[PDB]
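Tertiary structure, described
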Amino acid sequence: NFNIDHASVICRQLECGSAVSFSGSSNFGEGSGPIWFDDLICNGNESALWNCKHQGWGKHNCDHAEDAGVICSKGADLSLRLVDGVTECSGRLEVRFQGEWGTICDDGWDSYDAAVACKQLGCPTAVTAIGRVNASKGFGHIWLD
Amino acid sequence: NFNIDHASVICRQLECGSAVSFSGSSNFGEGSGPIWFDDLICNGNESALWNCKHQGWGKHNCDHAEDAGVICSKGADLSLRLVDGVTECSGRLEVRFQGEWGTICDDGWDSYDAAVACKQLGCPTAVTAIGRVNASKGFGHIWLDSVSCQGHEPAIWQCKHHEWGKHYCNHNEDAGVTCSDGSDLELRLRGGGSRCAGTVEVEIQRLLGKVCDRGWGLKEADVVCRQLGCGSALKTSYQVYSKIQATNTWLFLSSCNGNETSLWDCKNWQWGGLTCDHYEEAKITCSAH
Ligand SMILES: *[C@@H]1O[C@H](CO)[C@@H](O)[C@H](O)[C@H]1NC(C)=O
Ligand SMILES: *[C@@H]1O[C@H](CO)[C@@H](O)[C@H](O)[C@H]1NC(C)=O
Ligand SMILES: *[C@@H]1O[C@H](CO)[C@@H](O)[C@H](O)[C@H]1NC(C)=O
Ligand SMILES: [Ca+2]
Ligand SMILES: [Ca+2]
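Residues numbered from 1 in each chain as written, not as in the entry; some residues may be left out. Chains lettered and ligands numbered in written order. Part of a larger assembly, values for the part shown. Heavy atoms only, no water.

**Digging into the site of ligand 1**
Residue and element names in this part refer to chain A.
- In the vicinity of ligand 1, the residues found are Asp84, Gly85, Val86 and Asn134.
- Within the side chain of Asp84, an N or O atom sits 2.7 Å from a nitrogen atom of ligand 1.
- Within the side chain of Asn134, a nitrogen or oxygen atom sits 2.4 Å from an oxygen atom of ligand 1.
- Out of a free accessible area of 360 Å², ligand 1 has 43% covered by protein chains.
- Among the residues making up the shell around ligand 1, the classes are represented as one nonpolar, two polar and one charged. (Near = heavy atom within 4 Å. Polar contact = N/O pair within 3.5 Å; in protein donor to acceptor, adjacent residues only side chain to side chain. Areas by Shrake-Rupley, 256 points an atom, 1.4 Å probe, with all protein chains shown as cover. Nonpolar A, V, L, I, M, F, W, Y, C, P; charged D, E, K, R; others polar.)

**Side note on a nonpolar patch on the surface**
Residues and elements named next belong to chain A.
- Residues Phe2, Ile4, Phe22 and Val70 make up a contiguous nonpolar surface patch of roughly 300 Å² in combined accessible area.
- Looking at the element boundaries, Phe2 is found in the segment before helix 1 (4-13).
- Taking relative accessible area as the criterion, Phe2 reaches 31% and is therefore assigned partly exposed. (Patch = residues over 30% accessible without salt bridge, like charges linked within 9 Å, V, L, I, M, F, W, Y side chains within 5 Å. Salt bridge = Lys/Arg side-chain N within 4 Å of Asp/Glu carboxyl O. Helix = DSSP H or I, 4+ residues; strand = E, 2+ residues; numbered from the N terminus. Buried < 20%, exposed > 50% of the residue type's maximum accessible area, 1.4 Å probe, protein only.)

**With respect to the state of the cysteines**
- Throughout the structure, instances matching the rule amount to 13 disulfides over all chains.
- Note on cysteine connectivity: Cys212 of chain B is disulfide-linked to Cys276 of chain B, with sulfurs 2.0 Å apart. Negative torsions about the S-S bond denote left-handed disulfides, and the value of about 115° found for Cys212 of chain B with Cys276 of chain B makes this one right-handed. Taken as a pair, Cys212 of chain B in the loop between strand 11 (208-211) and helix 3 (218-228) and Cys276 of chain B in the loop between strand 14 (270-271) and strand 15 (283-286) lie far apart in primary sequence, 64 residues in all. As far as the burial class goes, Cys212 of chain B and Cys276 of chain B line up, both buried.
- Should the bonded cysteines of chain A be numbered as they appear in the sequence, the pairing reads 1-4, 2-3, 5-6.
- A disulfide-free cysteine, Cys62 of chain A has its sulfur positioned 17 Å from the sulfur of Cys42 of chain A, the nearest such atom. (Disulfide = S-S within 2.5 Å.)

**Considering the interface of chain B and chain A**
- Each side of the interface is counted separately: chain B has eight residues, and chain A has eleven residues.
- Here chain B meets chain A over a buried area of about 570 Å², counting both sides, of which 49% is carbon and sulfur.
- Counting across the interface, chain B meets chain A through zero salt bridges.
- Across the chain B-chain A interface, the total number found is three residue pairs in polar contact.
- Among the residues making up the side of chain B that touches chain A, the classes are represented as one nonpolar, three polar and four charged. (Contact = heavy atoms within 4.5 Å. Buried area = accessible area lost by both parts, 1.4 Å probe.)

Right under this line is the structure:
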């Protein structure tokens, strides 16, 4: 009974940012060690899961021997780059997520988003425009939209 | 460079039989610790790697989640099965690990992996197609992902793949195969006024479907018209004369050079396992109409 809200509470407790992904079932090993907190209902904003409301401490009968896990924003090796442009400040944006490079959807892309990207890459921010210049469409996944 | 032959020696060195499977991409833990042996050339017939050809002496860098792991024959519960297909030789693929039944992710799945799986199960290997037809999304674990097979491996687990049990995949993208003698595959055009105009209809193993027009052009339409013997294609539409029944299954094409004799010869065509809703069916009008 793991959920995306639970990871957000865990990430915020550890000051690790936002939960970009969570790992379910026996992802990081067969169910082992003392099991303490399962089947608690959180609202997605509380600082810590124990401080978050629950049906009661120890009120859980878990089975199947699964160990939870979570990958947060600082845990993720999130990186940005520009590919297939005239210069190093032009081209198609690519973001590395889960260890694989992927592109970004064109939906909602405007000058404010391009302003953040140019500054983040270290490129000059005097004039920032959207559009991938002469670059071609990528073949990898599309992580962001 | 972790070939299968010297993985058998590792299993033999521990008196655990032969290496039934190779743990791809650091299955049994993350690579905490340094390395001592790497890139040694062993024929695999040796009793131990100690008395084997060391060849060169050098050190390089490897990913901490990209270290070695082996599964010996004694600790083997692996098996392959097909579930919820039209026939026995089609449907969703499942792999048994740790006494549990789990699916396979569709990333990295192509006709080369299908050929290994169809051969392993004993199904006909004349035409091997990816995609789960007629099946639903799986339930439970997702054991394998990004399987990379050259096409001659004896079993799927011998191939390159990721760590068992950890993947970013979702149960919607579940892998299946369709293995055929190449007897049951049929193509037709319906609703256009003759046999050389209409909507492309496929019937593979007595199940009716259509072809999505996501990557449909005149180069792909030429192969169908050539296959049917209706000359070259002219346009990707037609004038309707009747109504054609609706089906749920779909056929997906990657790309065709245009000189193929049949549609089944085009590389990496998927039968089922995916739904296209922002696109329509594929329609042709050949020149012999
Ligand atoms: C875009 O133009 C640059 C600069 O001449 C060139 O290096 C690059 O290869 C071009 N990209 C494509 C996809 O043609
Ligand atoms: C696939 O078709 C077979 C044979 O008609 C049927 O038994 C099965 O339930 C179908 N699977 C579905 C609809 O998921
Ligand atoms: C079709 O053209 C491709 C690309 O040139 C070539 O490799 C292939 O052999 C051709 N096939 C036939 C059947 O002529
Ligand atoms: Ca996919
Ligand atoms: Ca592959």
